[PDB]
$ cat structure_24.txt   # compact mmCIF, C-alpha atoms
# COMPACT_ATOMS: atom_id res chain seq x y z
CA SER H 37 102.87 155.30 114.76
CA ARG H 38 102.29 152.46 112.31
CA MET H 39 99.62 152.10 109.61
CA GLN H 40 100.47 148.40 109.24
CA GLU H 41 100.11 145.52 111.67
CA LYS H 42 103.24 144.52 113.59
CA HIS H 43 105.30 142.20 111.39
CA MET H 44 106.68 138.79 112.33
CA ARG H 45 110.34 138.01 111.61
CA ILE H 46 110.71 134.88 109.53
CA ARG H 47 114.06 133.17 108.94
CA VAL H 48 114.32 131.55 105.52
CA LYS H 49 117.07 128.98 105.10
CA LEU H 50 118.11 129.00 101.44
CA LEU H 51 119.45 126.07 99.41
CA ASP H 52 123.07 127.22 99.83
CA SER H 53 122.48 127.17 103.62
CA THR H 54 122.57 130.96 103.96
CA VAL H 55 119.73 132.53 105.95
CA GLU H 56 117.67 135.55 104.89
CA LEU H 57 115.26 137.41 107.19
CA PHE H 58 111.80 138.46 106.01
CA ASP H 59 109.41 140.67 107.95
CA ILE H 60 105.76 140.08 107.17
CA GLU H 61 102.31 140.70 108.62
CA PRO H 62 101.18 137.43 110.20
CA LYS H 63 97.76 137.74 108.54
CA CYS H 64 99.22 137.78 105.02
CA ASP H 65 98.66 134.73 102.82
CA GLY H 66 101.70 132.53 102.25
CA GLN H 67 102.06 133.88 98.70
CA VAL H 68 103.27 137.23 100.07
CA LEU H 69 106.31 135.54 101.65
CA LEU H 70 106.83 133.21 98.68
CA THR H 71 106.96 136.21 96.32
CA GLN H 72 109.38 138.14 98.55
CA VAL H 73 111.64 135.09 98.46
CA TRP H 74 111.36 134.68 94.68
CA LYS H 75 112.30 138.37 94.36
CA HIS H 76 115.25 138.16 96.72
CA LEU H 77 116.50 135.26 94.58
CA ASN H 78 115.38 136.52 91.19
CA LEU H 79 113.92 133.05 90.70
CA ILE H 80 112.04 132.96 87.38
CA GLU H 81 111.10 129.28 87.40
CA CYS H 82 109.68 129.64 90.89
CA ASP H 83 106.70 127.34 90.20
CA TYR H 84 108.94 124.33 90.91
CA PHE H 85 109.69 125.55 94.42
CA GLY H 86 108.17 126.02 97.86
CA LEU H 87 108.99 126.82 101.46
CA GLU H 88 108.75 124.10 104.07
CA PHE H 89 108.88 123.93 107.84
CA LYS H 90 109.28 121.09 110.32
CA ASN H 91 106.34 120.43 112.62
CA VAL H 92 106.38 119.17 116.21
CA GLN H 93 105.90 115.66 114.83
CA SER H 94 109.22 116.35 113.11
CA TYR H 95 107.95 115.95 109.54
CA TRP H 96 108.23 118.58 106.80
CA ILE H 97 105.17 120.49 105.64
CA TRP H 98 104.70 122.97 102.77
CA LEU H 99 103.68 126.59 103.24
CA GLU H 100 100.27 127.08 101.60
CA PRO H 101 100.06 130.17 99.36
CA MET H 102 96.37 130.95 100.03
CA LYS H 103 96.28 130.67 103.81
CA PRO H 104 97.50 133.21 106.41
CA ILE H 105 101.09 132.55 107.47
CA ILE H 106 100.55 132.88 111.21
CA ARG H 107 97.86 130.16 111.13
CA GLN H 108 100.38 127.78 109.53
CA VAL H 109 103.62 128.51 111.37
CA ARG H 110 102.31 129.57 114.83
CA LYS H 111 105.62 130.89 116.14
CA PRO H 112 105.38 134.71 116.10
CA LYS H 113 108.85 135.15 117.58
CA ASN H 114 110.90 132.75 115.44
CA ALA H 115 109.30 131.15 112.45
CA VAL H 116 111.87 129.26 110.37
CA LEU H 117 111.23 127.89 106.89
CA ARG H 118 113.51 126.55 104.19
CA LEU H 119 113.59 126.77 100.41
CA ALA H 120 113.06 123.46 98.64
CA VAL H 121 112.14 121.97 95.30
CA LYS H 122 108.48 120.90 95.45
CA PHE H 123 108.07 119.44 91.96
CA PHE H 124 110.80 117.21 90.49
CA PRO H 125 110.48 116.96 86.69
CA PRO H 126 111.93 113.97 84.81
CA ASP H 127 114.52 116.08 82.91
CA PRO H 128 115.72 118.94 85.12
CA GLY H 129 118.62 119.55 82.73
CA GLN H 130 115.92 120.99 80.48
CA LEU H 131 114.95 123.70 82.96
CA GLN H 132 115.20 127.07 81.18
CA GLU H 133 117.71 128.87 83.41
CA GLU H 134 121.20 127.99 84.59
CA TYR H 135 120.17 129.44 87.96
CA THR H 136 117.29 126.97 88.33
CA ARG H 137 119.59 124.09 87.46
CA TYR H 138 122.02 125.40 90.08
CA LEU H 139 119.25 125.35 92.71
CA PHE H 140 118.27 121.81 91.70
CA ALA H 141 121.86 120.63 92.11
CA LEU H 142 121.87 122.18 95.61
CA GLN H 143 118.59 120.42 96.40
CA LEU H 144 120.02 117.08 95.31
CA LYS H 145 123.12 117.80 97.39
CA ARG H 146 120.83 118.31 100.39
CA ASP H 147 118.85 115.12 99.66
CA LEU H 148 122.10 113.16 99.50
CA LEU H 149 123.31 114.63 102.82
CA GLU H 150 119.94 114.00 104.48
CA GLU H 151 119.96 110.38 103.23
CA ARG H 152 116.83 110.84 101.12
CA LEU H 153 118.59 110.35 97.82
CA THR H 154 120.16 106.92 98.04
CA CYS H 155 122.33 105.20 95.44
CA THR H 156 125.39 102.98 95.12
CA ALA H 157 128.63 104.00 96.83
CA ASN H 158 130.40 104.82 93.57
CA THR H 159 127.46 106.84 92.33
CA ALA H 160 127.29 108.88 95.54
CA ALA H 161 131.03 109.53 95.26
CA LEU H 162 130.61 110.56 91.63
CA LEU H 163 127.79 112.98 92.50
CA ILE H 164 129.89 114.56 95.25
CA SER H 165 132.88 114.84 92.89
CA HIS H 166 130.79 116.96 90.50
CA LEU H 167 129.50 119.04 93.39
CA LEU H 168 133.14 119.69 94.35
CA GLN H 169 133.97 120.70 90.78
CA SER H 170 131.12 123.24 90.80
CA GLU H 171 131.99 124.75 94.17
CA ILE H 172 135.78 124.66 94.53
CA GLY H 173 136.86 123.91 90.95
CA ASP H 174 139.68 121.70 89.69
CA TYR H 175 140.98 118.93 91.89
CA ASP H 176 143.83 119.47 94.28
CA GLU H 177 144.41 116.93 97.02
CA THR H 178 144.90 119.45 99.81
CA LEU H 179 142.08 121.76 98.70
CA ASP H 180 139.65 118.83 98.44
CA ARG H 181 140.57 117.33 101.82
CA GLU H 182 140.32 120.64 103.65
CA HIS H 183 136.99 121.40 101.99
CA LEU H 184 135.60 117.96 102.86
CA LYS H 185 136.64 118.43 106.47
CA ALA H 186 134.64 121.63 106.82
CA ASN H 187 131.71 120.74 104.53
CA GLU H 188 129.44 117.72 104.86
CA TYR H 189 128.06 115.92 101.80
CA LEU H 190 127.21 112.54 103.36
CA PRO H 191 127.29 111.05 106.84
CA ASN H 192 130.52 109.09 107.20
CA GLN H 193 131.73 110.64 103.95
CA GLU H 194 135.28 109.79 105.04
CA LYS H 195 134.56 106.21 103.96
CA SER H 196 134.30 107.40 100.37
CA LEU H 197 137.05 110.03 100.40
CA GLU H 198 139.36 108.09 98.06
CA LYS H 199 136.61 107.47 95.50
CA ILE H 200 135.50 111.11 95.66
CA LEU H 201 139.05 112.40 95.02
CA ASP H 202 139.59 109.84 92.26
CA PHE H 203 136.46 110.93 90.36
CA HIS H 204 137.11 114.65 90.92
CA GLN H 205 140.48 114.34 89.17
CA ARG H 206 138.54 113.42 86.02
CA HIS H 207 136.63 116.72 85.87
CA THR H 208 139.54 119.00 85.00
CA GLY H 209 138.38 122.30 83.53
CA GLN H 210 134.63 121.74 83.88
CA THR H 211 132.55 124.82 84.65
CA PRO H 212 130.01 125.11 87.47
CA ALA H 213 127.15 124.91 84.92
CA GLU H 214 128.62 121.77 83.36
CA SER H 215 129.07 120.27 86.81
CA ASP H 216 125.49 121.03 87.85
CA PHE H 217 124.27 119.47 84.60
CA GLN H 218 126.15 116.28 85.38
CA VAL H 219 124.67 116.17 88.89
CA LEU H 220 121.18 116.45 87.37
CA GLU H 221 121.95 113.82 84.72
CA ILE H 222 123.18 111.30 87.27
CA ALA H 223 120.44 112.02 89.82
CA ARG H 224 117.44 111.98 87.49
CA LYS H 225 117.96 108.29 86.73
CA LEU H 226 118.00 107.28 90.40
CA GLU H 227 114.92 105.48 91.70
CA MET H 228 114.96 107.82 94.71
CA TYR H 229 115.15 111.04 92.65
CA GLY H 230 112.61 113.47 94.15
CA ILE H 231 111.22 110.78 96.47
CA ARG H 232 109.85 111.49 99.96
CA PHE H 233 108.27 108.60 101.87
CA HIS H 234 104.98 108.76 103.74
CA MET H 235 104.52 105.73 105.97
CA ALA H 236 101.32 103.73 105.55
CA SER H 237 99.76 100.28 105.61
CA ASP H 238 97.76 98.52 102.88
CA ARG H 239 94.59 96.40 103.01
CA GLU H 240 96.51 93.36 104.29
CA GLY H 241 98.21 95.46 106.97
CA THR H 242 101.61 95.40 105.29
CA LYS H 243 103.77 98.41 106.17
CA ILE H 244 104.64 100.36 103.01
CA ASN H 245 105.99 103.74 101.96
CA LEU H 246 103.82 105.98 99.80
CA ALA H 247 105.33 108.55 97.46
CA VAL H 248 104.38 110.66 94.48
CA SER H 249 106.26 111.61 91.30
CA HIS H 250 105.73 113.13 87.86
CA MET H 251 104.62 109.62 86.82
CA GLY H 252 101.97 108.96 89.46
CA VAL H 253 101.42 107.63 92.96
CA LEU H 254 104.05 105.19 94.10
CA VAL H 255 104.24 102.33 96.59
CA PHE H 256 107.49 101.13 98.14
CA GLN H 257 107.90 98.22 100.51
CA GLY H 258 110.83 99.27 102.62
CA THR H 259 113.14 100.70 99.96
CA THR H 260 111.79 98.54 97.15
CA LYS H 261 109.29 100.01 94.68
CA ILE H 262 106.36 97.65 94.31
CA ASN H 263 103.71 99.72 92.45
CA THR H 264 103.34 102.69 90.16
CA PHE H 265 99.83 104.05 89.77
CA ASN H 266 100.37 106.10 86.64
CA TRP H 267 98.37 109.31 86.35
CA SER H 268 96.62 108.02 83.24
CA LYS H 269 95.01 105.29 85.37
CA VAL H 270 94.07 107.49 88.32
CA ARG H 271 90.47 108.70 88.22
CA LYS H 272 90.32 110.37 91.63
CA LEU H 273 92.30 110.92 94.83
CA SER H 274 90.45 111.31 98.13
CA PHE H 275 91.09 111.07 101.84
CA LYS H 276 88.95 110.36 104.89
CA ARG H 277 90.52 110.72 108.32
CA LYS H 278 93.59 108.42 108.23
CA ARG H 279 92.54 106.71 104.97
CA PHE H 280 94.05 107.63 101.59
CA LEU H 281 91.86 106.55 98.64
CA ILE H 282 92.98 106.06 95.04
CA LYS H 283 90.26 105.47 92.45
CA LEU H 284 91.91 103.48 89.64
CA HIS H 285 91.31 100.92 86.88
CA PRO H 286 89.18 98.11 88.39
CA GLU H 287 90.54 94.65 89.20
CA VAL H 288 89.80 92.02 86.55
CA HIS H 289 89.32 88.89 88.63
CA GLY H 290 86.99 89.89 91.45
CA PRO H 291 83.75 91.69 92.31
CA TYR H 292 84.06 95.13 90.80
CA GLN H 293 86.52 97.23 92.82
CA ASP H 294 87.94 100.52 91.58
CA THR H 295 89.47 101.89 94.79
CA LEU H 296 92.63 101.12 96.73
CA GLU H 297 92.95 102.20 100.36
CA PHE H 298 96.03 102.98 102.44
CA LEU H 299 96.13 103.88 106.11
CA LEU H 300 98.52 106.65 107.18
CA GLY H 301 99.59 107.50 110.71
CA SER H 302 97.19 110.38 111.32
CA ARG H 303 94.48 112.45 109.69
CA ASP H 304 96.88 115.32 109.08
CA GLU H 305 99.62 113.10 107.60
CA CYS H 306 96.99 111.58 105.33
CA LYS H 307 95.69 115.04 104.35
CA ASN H 308 99.19 116.28 103.64
CA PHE H 309 99.96 113.33 101.36
CA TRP H 310 96.67 113.81 99.56
CA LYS H 311 97.49 117.49 99.05
CA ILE H 312 100.92 116.86 97.51
CA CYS H 313 99.47 114.17 95.23
CA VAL H 314 96.74 116.46 93.96
CA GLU H 315 99.31 119.21 93.42
CA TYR H 316 101.63 116.83 91.50
CA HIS H 317 98.80 115.72 89.27
CA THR H 318 97.84 119.33 88.51
CA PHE H 319 101.48 120.33 87.86
CA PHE H 320 102.43 117.44 85.57
CA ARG H 321 99.11 116.58 83.93
CA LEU H 322 96.69 118.47 81.68
$ encode --input "structure_24.txt" --output "structure tokens"
Amino acid sequence: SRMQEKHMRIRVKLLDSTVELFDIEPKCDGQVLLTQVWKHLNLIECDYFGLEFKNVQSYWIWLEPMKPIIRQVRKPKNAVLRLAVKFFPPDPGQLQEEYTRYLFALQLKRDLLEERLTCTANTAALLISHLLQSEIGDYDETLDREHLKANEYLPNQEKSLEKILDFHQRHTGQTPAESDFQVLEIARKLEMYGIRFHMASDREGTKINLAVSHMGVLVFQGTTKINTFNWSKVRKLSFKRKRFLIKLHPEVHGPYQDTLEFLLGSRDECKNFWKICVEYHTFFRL
């Protein structure tokens, strides 16, 4: 006999791609699972992190700490979630623990592989060369080529093999911590560092990509950044159905207007973007 409810088995894909299994009562709030994961990892700076899952609409959503797990994931038999950085600070090299910096380097590795973190060809190759130094150590042509055959860093990485090898040869003797630090140093200056797009349209019907960062709410047209609504200028964030509302400094040359509106693809996509913006503001401001 059991004095607890039957537990659900949840697979958690970690940042190194290993999978750990966690058994939890479906009615438990997300925090229960989050804390088991932080313990398994001995992750001190856990406030930067979350667990995410992919919905039927194929987009990633964050596990909420104060809602029952079963109501969020819905799959009693095989819930799968993955560890991810939620909050990207401007200077991750200044994170307090080597372990946290290690996890951030792994996150950036994933964002490069998944084509979220974009950059010039040489810069991508340089990033990968430091990732190689951290994982397999000093350059050797055979060791590098065999590793790159069995481990993916970028789609069509073979195009950049020569550049990757060339840069790796420069990193002789560098430790994994040094290598992670270099990954963070290179990545943090990239326009796409920590960026996840949420598709929307503006007042004129132009298709844009919304994002949020430690600096504020961001607007991209295609891949080009066209606005930064800095937190200091943001008075309120709201949403109604598919509409995302930013209350901001008013326009100078027009009848008084303090609010910009963007239309997302659905109520829930809108709500999810609103949520991450509010969370970013709380994390990085006051």
$ atom_distance --input "structure_24.txt" --atom1 "atom CA of residue 222 of chain H" --atom2 "atom CA of residue 196 of chain H"
17.6 Å
$ residues_around --input "structure_24.txt" --residues "segment 242-247 of chain H" --least-positions-apart "3" --cutoff "10 Å" --atoms "only C-alpha atoms" --output "list in words"
residues 230, 231, 232, 233, 234, 235, 236, 237, 238, 239, 252, 253, 254, 255, 256, 257, 258, 259, 260, 261, 262, 263, 264, 298, 299, 300, 309, 312 and 313 of chain H
$ residues_around --input "structure_24.txt" --residues "residue 322 of chain H" --least-positions-apart "3" --cutoff "12 Å" --atoms "only C-alpha atoms" --output "PyMOL selection string"
chain H and resi 267-268+316-319
$ residues_near_point --input "structure_24.txt" --point "(125.9, 113.0, 90.6)" --cutoff "8 Å" --atoms "all atoms listed in the file" --output "NGL selection string"
:H and (159-167 or 218-223)
$ closest_residue --input "structure_24.txt" --among "H:303, H:210, H:169, H:157" --to "residue 197 of chain H" --atoms "all atoms listed in the file"
H:157
$ closest_residue --input "structure_24.txt" --among "H:152, H:181, H:122, H:321" --to "residue 139 of chain H" --atoms "only C-alpha atoms"
H:122
$ closest_residue --input "structure_24.txt" --among "H:194, H:188, H:214, H:127" --to "residue 173 of chain H" --atoms "all atoms listed in the file"
H:214
$ axis_aligned_box --input "structure_24.txt" --around "segment 51-57 of chain H" --padding-each-side "5 Å" --output "JSON"
{"center_x": 119.2, "center_y": 131.7, "center_z": 103.3, "size_x": 17.8, "size_y": 21.3, "size_z": 17.8}
$ atom_distance --input "structure_24.txt" --atom1 "atom CA of residue 81 of chain H" --atom2 "atom CA of residue 314 of chain H"
20.3 Å
$ residues_around --input "structure_24.txt" --residues "segment 107-115 of chain H" --least-positions-apart "3" --cutoff "9 Å" --atoms "only C-alpha atoms" --output "ChimeraX atom specification"
/H:43-48,62-63,66,89,91,99-100,103-104
$ atom_distance --input "structure_24.txt" --atom1 "atom CA of residue 54 of chain H" --atom2 "atom CA of residue 102 of chain H"
26.5 Å
$ residues_around --input "structure_24.txt" --residues "residue 213 of chain H" --least-positions-apart "5" --cutoff "9 Å" --atoms "all atoms listed in the file" --output "MDAnalysis selection string"
chainID H and resid 134:135 137:138 170 218
$ residues_around --input "structure_24.txt" --residues "residue 98 of chain H" --least-positions-apart "4" --cutoff "8 Å" --atoms "all atoms listed in the file" --output "list in words"
residues 86, 87, 88 and 89 of chain H
$ write_last_selection --input "structure_24.txt" --atoms "C-alpha atoms" --output "mmCIF file, in the coordinates of the input"
data_model
loop_
_atom_site.group_PDB
_atom_site.id
_atom_site.type_symbol
_atom_site.label_atom_id
_atom_site.label_comp_id
_atom_site.auth_asym_id
_atom_site.auth_seq_id
_atom_site.Cartn_x
_atom_site.Cartn_y
_atom_site.Cartn_z
ATOM 1 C CA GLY H 86 108.170 126.020 97.860
ATOM 2 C CA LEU H 87 108.990 126.820 101.460
ATOM 3 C CA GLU H 88 108.750 124.100 104.070
ATOM 4 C CA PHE H 89 108.880 123.930 107.840
#
$ residues_near_point --input "structure_24.txt" --point "(126.0, 126.0, 96.1)" --cutoff "7 Å" --atoms "all atoms listed in the file" --output "list in words"
residues 52, 142 and 171 of chain H
$ decode --input "structure_24.txt" --residues "segment 284-314 of chain H" --atoms "N, CA and C atoms" --output "mmCIF file, in the first residue's frame"
data_model
loop_
_atom_site.group_PDB
_atom_site.id
_atom_site.type_symbol
_atom_site.label_atom_id
_atom_site.label_comp_id
_atom_site.auth_asym_id
_atom_site.auth_seq_id
_atom_site.Cartn_x
_atom_site.Cartn_y
_atom_site.Cartn_z
ATOM 1 N N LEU H 284 4.568 53.113 -22.658
ATOM 2 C CA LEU H 284 5.918 53.649 -22.889
ATOM 3 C C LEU H 284 5.911 55.172 -22.815
ATOM 4 N N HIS H 285 7.058 55.808 -23.046
ATOM 5 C CA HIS H 285 7.068 57.270 -23.212
ATOM 6 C C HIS H 285 6.195 57.639 -24.401
ATOM 7 N N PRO H 286 5.371 58.692 -24.266
ATOM 8 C CA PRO H 286 4.448 59.099 -25.331
ATOM 9 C C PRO H 286 5.135 59.698 -26.555
ATOM 10 N N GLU H 287 4.488 59.585 -27.711
ATOM 11 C CA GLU H 287 5.030 60.179 -28.929
ATOM 12 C C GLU H 287 4.980 61.699 -28.810
ATOM 13 N N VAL H 288 5.972 62.381 -29.378
ATOM 14 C CA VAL H 288 6.013 63.844 -29.319
ATOM 15 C C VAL H 288 5.031 64.503 -30.288
ATOM 16 N N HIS H 289 5.089 64.094 -31.550
ATOM 17 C CA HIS H 289 4.364 64.772 -32.611
ATOM 18 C C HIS H 289 3.083 64.042 -32.996
ATOM 19 N N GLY H 290 2.095 64.072 -32.110
ATOM 20 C CA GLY H 290 0.821 63.442 -32.383
ATOM 21 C C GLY H 290 -0.066 63.534 -31.166
ATOM 22 N N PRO H 291 -1.376 63.292 -31.340
ATOM 23 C CA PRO H 291 -2.284 63.243 -30.191
ATOM 24 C C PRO H 291 -1.700 62.274 -29.176
ATOM 25 N N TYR H 292 -1.881 62.552 -27.895
ATOM 26 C CA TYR H 292 -1.116 61.838 -26.895
ATOM 27 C C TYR H 292 -1.368 60.338 -27.003
ATOM 28 N N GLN H 293 -0.284 59.586 -27.170
ATOM 29 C CA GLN H 293 -0.341 58.126 -27.251
ATOM 30 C C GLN H 293 0.835 57.512 -26.500
ATOM 31 N N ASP H 294 0.528 56.722 -25.479
ATOM 32 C CA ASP H 294 1.560 56.148 -24.626
ATOM 33 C C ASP H 294 1.689 54.637 -24.776
ATOM 34 N N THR H 295 0.930 54.054 -25.696
ATOM 35 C CA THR H 295 0.879 52.591 -25.797
ATOM 36 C C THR H 295 1.110 52.077 -27.218
ATOM 37 N N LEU H 296 2.018 51.111 -27.339
ATOM 38 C CA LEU H 296 2.258 50.428 -28.598
ATOM 39 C C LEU H 296 1.596 49.066 -28.527
ATOM 40 N N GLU H 297 1.066 48.618 -29.659
ATOM 41 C CA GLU H 297 0.360 47.342 -29.733
ATOM 42 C C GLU H 297 0.946 46.426 -30.793
ATOM 43 N N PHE H 298 1.126 45.157 -30.433
ATOM 44 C CA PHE H 298 1.596 44.149 -31.380
ATOM 45 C C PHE H 298 0.648 42.969 -31.354
ATOM 46 N N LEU H 299 0.411 42.369 -32.514
ATOM 47 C CA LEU H 299 -0.515 41.254 -32.592
ATOM 48 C C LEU H 299 0.269 39.960 -32.742
ATOM 49 N N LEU H 300 0.111 39.036 -31.799
ATOM 50 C CA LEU H 300 0.787 37.738 -31.926
ATOM 51 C C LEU H 300 -0.165 36.718 -32.551
ATOM 52 N N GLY H 301 0.289 35.480 -32.694
ATOM 53 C CA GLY H 301 -0.453 34.513 -33.482
ATOM 54 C C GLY H 301 -1.641 33.886 -32.783
ATOM 55 N N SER H 302 -1.656 33.970 -31.459
ATOM 56 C CA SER H 302 -2.731 33.395 -30.659
ATOM 57 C C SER H 302 -2.720 33.997 -29.271
ATOM 58 N N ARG H 303 -3.840 33.863 -28.571
ATOM 59 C CA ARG H 303 -3.920 34.323 -27.192
ATOM 60 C C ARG H 303 -2.794 33.695 -26.356
ATOM 61 N N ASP H 304 -2.613 32.384 -26.447
ATOM 62 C CA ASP H 304 -1.620 31.768 -25.592
ATOM 63 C C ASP H 304 -0.189 32.156 -25.948
ATOM 64 N N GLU H 305 0.109 32.360 -27.230
ATOM 65 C CA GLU H 305 1.446 32.857 -27.594
ATOM 66 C C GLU H 305 1.661 34.260 -27.052
ATOM 67 N N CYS H 306 0.616 35.078 -27.133
ATOM 68 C CA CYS H 306 0.685 36.430 -26.599
ATOM 69 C C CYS H 306 0.932 36.382 -25.086
ATOM 70 N N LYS H 307 0.133 35.575 -24.388
ATOM 71 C CA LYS H 307 0.242 35.431 -22.937
ATOM 72 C C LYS H 307 1.639 34.968 -22.533
ATOM 73 N N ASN H 308 2.157 33.988 -23.257
ATOM 74 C CA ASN H 308 3.484 33.474 -22.961
ATOM 75 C C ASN H 308 4.572 34.519 -23.150
ATOM 76 N N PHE H 309 4.465 35.345 -24.187
ATOM 77 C CA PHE H 309 5.442 36.420 -24.366
ATOM 78 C C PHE H 309 5.317 37.466 -23.263
ATOM 79 N N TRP H 310 4.087 37.837 -22.928
ATOM 80 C CA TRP H 310 3.874 38.738 -21.812
ATOM 81 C C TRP H 310 4.530 38.205 -20.540
ATOM 82 N N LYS H 311 4.325 36.925 -20.259
ATOM 83 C CA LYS H 311 4.863 36.326 -19.033
ATOM 84 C C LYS H 311 6.387 36.435 -18.979
ATOM 85 N N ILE H 312 7.063 36.098 -20.074
ATOM 86 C CA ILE H 312 8.529 36.123 -20.051
ATOM 87 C C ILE H 312 9.036 37.557 -19.954
ATOM 88 N N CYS H 313 8.306 38.507 -20.538
ATOM 89 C CA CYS H 313 8.706 39.914 -20.401
ATOM 90 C C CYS H 313 8.585 40.390 -18.961
ATOM 91 N N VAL H 314 7.457 40.096 -18.327
ATOM 92 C CA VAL H 314 7.283 40.485 -16.938
ATOM 93 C C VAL H 314 8.360 39.836 -16.067
#
